[PDB]
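Student: Structure supplied as my_file13.cif; contents: mmCIF, C-alpha atoms and all ligand atoms.
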```cif
data_start
#
loop_
_atom_site.label_atom_id
_atom_site.label_comp_id
_atom_site.auth_asym_id
_atom_site.auth_seq_id
_atom_site.Cartn_x
_atom_site.Cartn_y
_atom_site.Cartn_z
CA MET A 1 0.00 0.00 0.00
CA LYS A 2 1.03 3.65 -0.33
CA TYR A 3 0.05 6.40 2.10
CA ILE A 4 -0.51 9.79 0.45
CA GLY A 5 -1.10 13.18 2.03
CA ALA A 6 0.19 16.66 2.78
CA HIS A 7 1.68 18.76 5.56
CA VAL A 8 -1.56 20.25 6.82
CA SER A 9 -2.16 23.11 9.25
CA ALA A 10 -2.37 22.44 12.96
CA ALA A 11 -4.10 25.79 13.57
CA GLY A 12 -6.73 25.47 16.26
CA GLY A 13 -5.38 22.23 17.69
CA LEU A 14 -3.60 19.07 16.65
CA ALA A 15 -6.84 17.12 16.07
CA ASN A 16 -7.59 19.68 13.35
CA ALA A 17 -4.62 18.38 11.35
CA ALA A 18 -6.27 14.94 11.20
CA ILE A 19 -9.58 16.59 10.19
CA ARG A 20 -7.90 18.66 7.48
CA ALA A 21 -6.09 15.60 6.11
CA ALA A 22 -9.44 13.81 5.96
CA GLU A 23 -11.07 16.71 4.08
CA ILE A 24 -8.56 16.30 1.21
CA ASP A 25 -8.98 12.47 1.42
CA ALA A 26 -5.35 11.91 2.40
CA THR A 27 -4.17 8.53 3.66
CA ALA A 28 -1.16 10.19 5.35
CA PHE A 29 -0.29 13.57 6.81
CA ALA A 30 2.40 15.73 8.30
CA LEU A 31 2.13 18.46 10.92
CA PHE A 32 4.06 20.52 13.40
CA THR A 33 3.13 19.42 16.96
CA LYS A 34 3.89 22.95 18.24
CA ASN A 35 4.75 26.39 16.87
CA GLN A 36 7.62 25.78 14.43
CA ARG A 37 9.16 29.17 15.23
CA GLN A 38 9.29 28.74 19.02
CA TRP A 39 11.68 26.91 21.30
CA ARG A 40 9.02 25.50 23.62
CA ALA A 41 5.28 25.12 24.03
CA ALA A 42 2.71 24.28 26.69
CA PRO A 43 2.93 20.67 27.89
CA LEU A 44 0.43 18.40 26.21
CA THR A 45 -2.60 17.72 28.43
CA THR A 46 -4.30 14.35 28.65
CA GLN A 47 -7.25 16.08 26.95
CA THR A 48 -5.19 17.28 23.99
CA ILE A 49 -3.50 13.88 23.62
CA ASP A 50 -6.87 12.13 23.83
CA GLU A 51 -8.53 14.41 21.30
CA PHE A 52 -5.61 13.94 18.90
CA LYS A 53 -5.57 10.15 19.17
CA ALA A 54 -9.34 9.94 18.76
CA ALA A 55 -9.17 12.03 15.56
CA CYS A 56 -6.34 9.91 14.12
CA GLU A 57 -8.39 6.77 14.78
CA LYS A 58 -11.61 8.34 13.45
CA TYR A 59 -9.92 9.26 10.15
CA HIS A 60 -7.90 6.04 9.74
CA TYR A 61 -4.40 7.40 10.44
CA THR A 62 -2.10 5.05 12.29
CA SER A 63 1.34 6.20 13.42
CA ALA A 64 2.84 4.54 10.34
CA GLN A 65 0.99 7.16 8.25
CA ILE A 66 1.95 10.34 10.16
CA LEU A 67 5.21 12.25 9.64
CA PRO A 68 5.61 15.21 12.00
CA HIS A 69 8.22 17.85 11.22
CA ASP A 70 10.39 19.48 13.84
CA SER A 71 10.82 23.21 14.28
CA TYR A 72 12.90 25.67 12.26
CA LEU A 73 15.01 26.66 15.25
CA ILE A 74 16.69 23.31 15.95
CA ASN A 75 20.26 22.90 14.74
CA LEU A 76 21.50 19.48 15.91
CA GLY A 77 24.96 20.22 14.49
CA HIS A 78 25.39 23.72 15.89
CA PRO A 79 29.08 24.65 16.45
CA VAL A 80 28.36 26.76 19.61
CA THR A 81 27.91 24.73 22.79
CA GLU A 82 25.02 26.73 24.24
CA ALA A 83 23.04 26.74 21.00
CA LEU A 84 23.69 23.03 20.40
CA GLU A 85 22.36 22.19 23.85
CA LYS A 86 19.32 24.45 23.40
CA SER A 87 18.62 22.58 20.15
CA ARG A 88 19.15 19.16 21.73
CA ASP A 89 16.71 20.06 24.55
CA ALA A 90 14.06 21.19 22.04
CA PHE A 91 14.63 18.09 19.86
CA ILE A 92 14.23 15.81 22.89
CA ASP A 93 11.01 17.67 23.62
CA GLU A 94 9.80 17.21 20.04
CA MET A 95 10.48 13.48 20.26
CA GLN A 96 8.68 13.28 23.64
CA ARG A 97 5.64 15.08 22.23
CA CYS A 98 5.59 12.51 19.42
CA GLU A 99 5.70 9.60 21.87
CA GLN A 100 2.92 11.14 23.97
CA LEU A 101 0.77 11.68 20.89
CA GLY A 102 1.14 8.07 19.76
CA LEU A 103 3.47 8.95 16.91
CA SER A 104 6.50 6.93 15.85
CA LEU A 105 8.42 9.16 13.39
CA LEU A 106 9.97 12.66 13.54
CA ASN A 107 11.24 14.32 10.34
CA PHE A 108 13.99 16.93 10.70
CA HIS A 109 16.63 18.71 8.68
CA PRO A 110 19.97 17.54 10.06
CA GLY A 111 21.80 20.79 10.88
CA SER A 112 24.27 23.43 9.78
CA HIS A 113 27.91 24.21 10.53
CA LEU A 114 28.00 28.03 9.98
CA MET A 115 31.49 27.57 8.51
CA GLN A 116 32.70 27.34 12.14
CA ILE A 117 33.38 23.56 12.16
CA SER A 118 34.13 20.99 9.50
CA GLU A 119 31.30 19.23 7.72
CA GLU A 120 32.40 15.94 9.28
CA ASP A 121 32.46 17.36 12.81
CA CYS A 122 28.99 18.85 12.22
CA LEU A 123 27.68 15.46 11.02
CA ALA A 124 29.09 13.79 14.12
CA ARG A 125 27.42 16.36 16.39
CA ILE A 126 24.13 15.57 14.63
CA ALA A 127 24.56 11.82 15.12
CA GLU A 128 25.26 12.39 18.81
CA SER A 129 22.22 14.68 19.08
CA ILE A 130 20.16 11.78 17.75
CA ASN A 131 21.85 9.36 20.18
CA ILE A 132 20.93 11.61 23.13
CA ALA A 133 17.29 11.96 22.06
CA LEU A 134 16.97 8.19 21.49
CA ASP A 135 18.49 7.43 24.91
CA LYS A 136 15.79 9.57 26.59
CA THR A 137 12.69 8.41 24.66
CA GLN A 138 11.05 5.30 23.28
CA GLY A 139 9.18 4.36 20.13
CA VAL A 140 10.05 7.34 17.91
CA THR A 141 12.37 7.14 14.90
CA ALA A 142 14.53 10.14 14.03
CA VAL A 143 13.90 10.64 10.29
CA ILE A 144 16.64 12.78 8.67
CA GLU A 145 15.30 14.80 5.71
CA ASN A 146 17.62 15.67 2.86
CA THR A 147 17.97 19.34 2.00
CA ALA A 148 18.53 21.67 -0.93
CA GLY A 149 21.81 22.77 0.66
CA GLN A 150 21.30 26.53 1.01
CA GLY A 151 23.73 28.46 3.18
CA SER A 152 25.66 26.23 5.57
CA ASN A 153 22.95 23.53 5.78
CA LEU A 154 24.06 19.92 5.42
CA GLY A 155 21.93 17.03 4.25
CA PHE A 156 22.12 17.90 0.53
CA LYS A 157 24.33 14.84 -0.22
CA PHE A 158 23.12 11.32 0.44
CA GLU A 159 26.58 10.80 1.93
CA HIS A 160 25.62 13.28 4.69
CA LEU A 161 22.66 11.12 5.73
CA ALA A 162 24.81 7.96 5.70
CA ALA A 163 27.57 9.58 7.80
CA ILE A 164 24.97 10.56 10.39
CA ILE A 165 23.41 7.07 10.39
CA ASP A 166 26.85 5.48 10.84
CA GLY A 167 27.27 7.50 14.10
CA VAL A 168 23.82 6.57 15.46
CA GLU A 169 24.07 3.66 17.89
CA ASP A 170 20.45 2.45 17.88
CA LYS A 171 19.93 2.03 14.15
CA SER A 172 16.39 0.70 14.70
CA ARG A 173 15.28 4.31 15.47
CA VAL A 174 16.98 6.31 12.68
CA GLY A 175 15.97 6.71 9.06
CA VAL A 176 15.62 9.19 6.23
CA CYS A 177 12.97 11.05 4.28
CA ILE A 178 13.74 12.04 0.68
CA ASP A 179 12.26 15.36 -0.42
CA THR A 180 12.23 15.34 -4.22
CA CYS A 181 12.54 19.13 -4.56
CA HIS A 182 15.56 19.15 -2.25
CA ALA A 183 17.21 16.30 -4.13
CA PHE A 184 16.68 18.00 -7.51
CA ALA A 185 17.96 21.35 -6.21
CA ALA A 186 20.97 19.53 -4.80
CA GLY A 187 21.78 18.01 -8.21
CA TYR A 188 20.06 14.59 -8.18
CA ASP A 189 18.18 14.51 -11.47
CA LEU A 190 14.59 13.28 -11.48
CA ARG A 191 13.34 14.53 -14.86
CA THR A 192 13.01 11.05 -16.46
CA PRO A 193 12.53 7.52 -15.09
CA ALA A 194 16.13 6.66 -16.04
CA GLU A 195 17.37 9.62 -14.00
CA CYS A 196 15.16 8.58 -11.08
CA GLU A 197 16.69 5.09 -11.22
CA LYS A 198 20.20 6.57 -11.32
CA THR A 199 19.50 8.87 -8.36
CA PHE A 200 17.95 6.16 -6.24
CA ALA A 201 20.71 3.69 -7.11
CA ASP A 202 23.05 6.25 -5.57
CA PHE A 203 20.67 6.49 -2.62
CA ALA A 204 20.59 2.69 -2.30
CA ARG A 205 24.38 2.37 -2.27
CA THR A 206 25.06 5.25 0.13
CA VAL A 207 22.10 5.30 2.53
CA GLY A 208 20.04 2.21 1.72
CA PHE A 209 16.34 1.68 1.27
CA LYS A 210 16.39 -0.10 4.63
CA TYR A 211 16.39 3.37 6.17
CA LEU A 212 13.71 5.07 4.01
CA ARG A 213 10.90 6.16 6.33
CA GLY A 214 9.12 8.82 4.26
CA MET A 215 9.06 10.96 1.16
CA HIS A 216 8.18 14.59 0.54
CA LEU A 217 6.64 14.85 -2.93
CA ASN A 218 7.44 18.32 -4.22
CA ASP A 219 8.12 19.62 -7.70
CA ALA A 220 10.76 22.37 -7.90
CA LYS A 221 10.37 26.02 -8.85
CA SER A 222 14.17 26.27 -8.67
CA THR A 223 16.39 24.67 -11.27
CA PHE A 224 18.52 21.53 -11.42
CA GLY A 225 21.43 21.79 -9.01
CA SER A 226 20.60 25.39 -8.04
CA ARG A 227 20.76 24.45 -4.34
CA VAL A 228 17.74 26.71 -3.81
CA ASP A 229 14.81 25.34 -1.83
CA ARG A 230 11.60 26.42 -3.55
CA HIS A 231 8.79 23.92 -4.11
CA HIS A 232 6.21 23.80 -6.90
CA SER A 233 2.95 21.99 -7.53
CA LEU A 234 3.40 18.51 -8.97
CA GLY A 235 4.13 18.66 -12.70
CA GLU A 236 4.23 22.49 -12.86
CA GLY A 237 7.91 22.77 -11.94
CA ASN A 238 11.23 21.70 -13.40
CA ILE A 239 10.94 18.07 -12.28
CA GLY A 240 7.63 17.35 -14.04
CA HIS A 241 5.09 14.61 -13.56
CA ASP A 242 7.24 11.67 -14.66
CA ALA A 243 9.19 11.33 -11.40
CA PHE A 244 5.91 11.06 -9.52
CA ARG A 245 4.47 8.57 -12.01
CA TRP A 246 7.64 6.52 -11.45
CA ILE A 247 7.53 6.79 -7.61
CA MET A 248 3.89 5.70 -7.45
CA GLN A 249 4.60 2.54 -9.53
CA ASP A 250 7.85 1.56 -7.74
CA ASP A 251 7.43 -0.62 -4.65
CA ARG A 252 10.47 0.83 -2.82
CA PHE A 253 8.21 3.76 -1.82
CA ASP A 254 5.49 1.56 -0.24
CA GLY A 255 4.39 1.58 3.40
CA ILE A 256 5.66 5.07 4.32
CA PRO A 257 4.13 8.60 4.49
CA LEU A 258 4.32 10.30 1.07
CA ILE A 259 3.78 13.96 1.93
CA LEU A 260 2.96 16.84 -0.39
CA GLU A 261 4.55 20.16 0.50
CA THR A 262 3.51 21.73 -2.78
CA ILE A 263 2.99 25.44 -3.00
CA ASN A 264 -0.74 25.60 -3.79
CA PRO A 265 -2.81 23.83 -1.12
CA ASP A 266 -6.01 24.46 -3.07
CA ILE A 267 -4.96 21.60 -5.36
CA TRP A 268 -3.68 19.17 -2.67
CA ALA A 269 -6.84 17.11 -2.99
CA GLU A 270 -6.31 16.97 -6.77
CA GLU A 271 -2.64 16.00 -6.29
CA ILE A 272 -3.53 13.24 -3.80
CA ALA A 273 -6.17 11.86 -6.15
CA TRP A 274 -3.74 11.98 -9.09
CA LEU A 275 -1.12 10.08 -7.10
CA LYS A 276 -3.64 7.41 -6.03
CA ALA A 277 -4.92 6.97 -9.60
CA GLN A 278 -1.43 6.14 -10.79
CA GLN A 279 -1.71 2.84 -8.89
CA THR A 280 -4.69 1.63 -10.96
CA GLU A 281 -3.82 -1.23 -13.29
CA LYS A 282 -3.73 0.12 -16.84
CA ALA A 283 -4.46 -1.92 -19.93
CA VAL A 284 -1.89 -2.72 -22.59
CL CL B 1 18.61 24.05 2.73
CL CL B 2 15.87 22.89 -14.41
FE FE B 3 10.42 18.54 2.77
NI NI B 4 -13.91 6.93 7.49
ZN ZN B 5 11.51 19.85 5.78
ZN ZN B 6 11.89 22.60 0.94
#
```
Could you spell out this file's structure in structure tokens?
Ligand SMILES: [Cl-]
Ligand SMILES: [Cl-]
Ligand SMILES: [Fe+2]
Ligand code: NI
Ligand SMILES: [Zn+2]
Ligand SMILES: [Zn+2]

Tutor:
Amino acid sequence: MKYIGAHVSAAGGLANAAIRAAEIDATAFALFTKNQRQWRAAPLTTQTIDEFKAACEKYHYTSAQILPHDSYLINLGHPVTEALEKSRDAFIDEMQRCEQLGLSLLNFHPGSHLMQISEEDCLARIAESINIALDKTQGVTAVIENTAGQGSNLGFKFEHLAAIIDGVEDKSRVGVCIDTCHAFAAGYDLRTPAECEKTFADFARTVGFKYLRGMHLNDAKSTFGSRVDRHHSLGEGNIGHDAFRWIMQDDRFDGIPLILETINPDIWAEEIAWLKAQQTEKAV
């Protein structure tokens, strides 16, 4: 099976994310569990947890279908001790909120080095940030998202994800999410099926499909290898529809949240339906 949705708004409460995913007929969704531009939030109440779990059950969303995203403030590779520890505290908190809400995955961008430490030292700080969070929680997998590679952000090479995974000690609770816009911006071509196979053969050899826990399905307003992170609606950008035809037919993308982060949410329902229809058996 494939699970297909979008990063929907949590405005008004977390249960509203499940309701909004249902309104666009998604079979997966993403959300922020708290304000993505703040370091902390009110503790979850038993009421808020209960309302959120009841909505997930009502609308047929198990934890295997939900891919929360961490905040924009967290840098798990930060070169300054105080800021690294602030980020590790907030990331632990994000993982704890996920456990309390019945979730099992947490998608995050890995970190950035600010040109103050080497890439390899930054990657090792990120791995150890994951190790700390995993030692303090249960049941939640740290899902590293690849990036476009703006500024001093890492995660734009598959080798970055693999170097982090190598430093994580409990490999049963680490994985990756491939964002197609980020990969294209970073120079992994996706414009034909043959280029998709090339790119994911590189992914297989460096990271491994063993670790694939989600996808973000985004076309790209930016150009090939621009290293600029700007999404587009599926098939309106520089990737085109073919990569998403190919993903929907390939079984290496089964069983995981496939999450739209496309720029026009008024056509999310259309995009979800288009993705689902690709799975219908077509005559010769
Ligand atoms: Cl980036
Ligand atoms: Cl292009
Ligand atoms: Fe993404
Ligand atoms: Ni129903
Ligand atoms: Zn992201
Ligand atoms: Zn992006």

Student: Can I get the residues of chain A within 9 Å of ligand NI 4 (chain B), each with the closest pair of atoms and their distance in Å to one decimal, using only C-alpha atoms and all ligand atoms, sorted chain first then ascending number, as CSV?

Tutor:
```
residue,atom,partner,partner_atom,distance
A:22,CA,B:NI4,NI,8.3
A:58,CA,B:NI4,NI,6.5
A:59,CA,B:NI4,NI,5.3
A:60,CA,B:NI4,NI,6.5
```

Student: Smallest atom-to-atom distance to ligand FE 3 (chain B): which of A:260, A:212, A:220, A:174, using only C-alpha atoms and all ligand atoms?

Tutor: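 Closest residue, counting only C-alpha atoms and all ligand atoms: A:260.
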
Student: Using only C-alpha atoms and all ligand atoms, what are the residues with an atom within 8 Å of ligand FE 3 (chain B), set out as a PyMOL selection string?

Tutor: chain A and resi 145-147+178-182+215-218+261

Student: Taking only C-alpha atoms and all ligand atoms into account, which residues have an atom no farther than 6 Å from ligand CL 2 (chain B)? I'd like them as number ranges by chain.

Tutor: A: 223-224, 238

Student: Create the file for the chosen residues now, containing C-alpha atoms and written as a PDB file, in the frame of the given file.

Tutor:
```pdb
ATOM      1  CA  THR A 223      16.390  24.670 -11.270  1.00  0.00           C
ATOM      2  CA  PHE A 224      18.520  21.530 -11.420  1.00  0.00           C
ATOM      3  CA  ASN A 238      11.230  21.700 -13.400  1.00  0.00           C
TER       4      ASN A 238
END
```

Student: Looking at A:256, A:193, A:11, A:205, which one is nearest to residue 244 in chain A, with distances taken over all atoms listed in the file?

Tutor: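 Comparing A:256, A:193, A:11, A:205 against residue 244 in chain A, the winner is A:193.
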
Student: List all protein, DNA and RNA residues that have at least one atom no more than 10 Å from any atom of ligand CL 1 (chain B), counting all atoms listed in the file, and write them as a ChimeraX atom specification.

Tutor: /A:109-112,146-156,182,185-186,227-230

Student: Rounded to one decimal in Å, what is the spacing between CA of residue 14 in chain A and CA of residue 33 in chain A?

Tutor: 6.7 Å
